[PDB]
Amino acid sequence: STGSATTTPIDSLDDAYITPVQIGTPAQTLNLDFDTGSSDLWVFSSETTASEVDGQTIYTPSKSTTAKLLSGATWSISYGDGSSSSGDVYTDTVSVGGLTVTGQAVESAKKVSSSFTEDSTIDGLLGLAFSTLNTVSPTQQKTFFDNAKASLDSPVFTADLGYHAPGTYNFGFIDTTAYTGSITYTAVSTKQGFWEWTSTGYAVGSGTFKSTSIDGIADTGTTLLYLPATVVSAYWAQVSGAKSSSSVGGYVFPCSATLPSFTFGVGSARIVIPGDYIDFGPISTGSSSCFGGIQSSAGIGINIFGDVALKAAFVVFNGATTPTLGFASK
């Protein structure tokens, strides 16, 4: 089997991407944030505290003839931006882009933090990291991809995120028309539950490539590119007027600037992030200070190749017995 679904930015800055997902019988379609950095499929639901729902589409298990309470199971998750959610669990039929999994754990939110409430466009998350991170207790549950894997034509999914445009998530096949040149594959460590890999270095603009190992994760659920302070300083030093602002919470730059590109290494291959991808616009409406898309990972504890990086590439998440990651230009 295979599946193919379009993923669409939630706003004009590509702050996140939503992908329609069919849950239950008859189908209830929710727009979920596919997140290769976590491993819970959770949704706004008929159980979510009413004051914490503000425009989201909700899953109502009592209206699904295939929904079953997973008795005794609960979940609770916190993310790197300090957001959180928690609740109980149903199993139900879940389809993405024509690919159907029966008996998928669908985690129903009883509580969500303010940032989720405040984002009316995201109806929940669909985790695509390794199932070892799944938070369901006392019986840990599998991700949609893990459940689907054995039925897929090939045990892979691909992320093809657009810059200010829709893109695609494919399951079970590699669309050889969706990228240019060849795909360079690189080793993955699953020790922390992530799609963790090591970039071979970076360049800023037309500058020389610096060979250096940068361990990080391929995370579709994180907006920006978070890298070591040394690397980030070298990038922003090429932008007149750019500075790190503790009050804003990162690097900002004059909105009048033309940003240089940023290149990262994948083995001997190179992925180029155009400068425009690194512009996240005014820090507040009408401001002439703009927020940077490359930020320091110091104090996160991990480097994160988020959407800013991933959207510059066609990315293969290879879930074979020894997982790997592939990157191609596009």
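Definition used throughout: the rigid core is the maximal C-alpha set that superposes within 1.5 Å between two forms. So that there is no doubt, residue numbering starts at 1 and follows the sequence shown.
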Name the stretch, 280-288 or 261-269, whose C-alpha atoms sit farther from the shown form on average in 8 other deposited structures of this protein, taking the rigid core as the superposition reference.
280-288
Which has higher Cα B-factors on average according to the PDB entry: 223-231 or 105-113?
105-113
If you average the Cα B factors in the entry, which is higher, 199-207 or 81-89?
81-89
In the PDB entry, which of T143, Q238, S154, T158 has its C-alpha at the highest B-factor?
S154
Out of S95, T180, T184, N134, which one has a C-alpha B factor higher than all the others in the entry?
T180
What third of the chain does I278 rank in for C-alpha temperature factor, lowest, middle or highest?
lowest
According to the PDB entry, is the CA B factor of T6 in the bottom, middle or top third of its chain, that is, lowest, middle or highest?
lowest
Third of chain Cα B-factors occupied by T19
lowest
Is the Cα B-factor recorded for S120 in the lowest, middle or highest third of its chain?
highest
Ranking every modelled residue in this chain by its Cα temperature factor as given in the entry, which third contains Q28?
middle
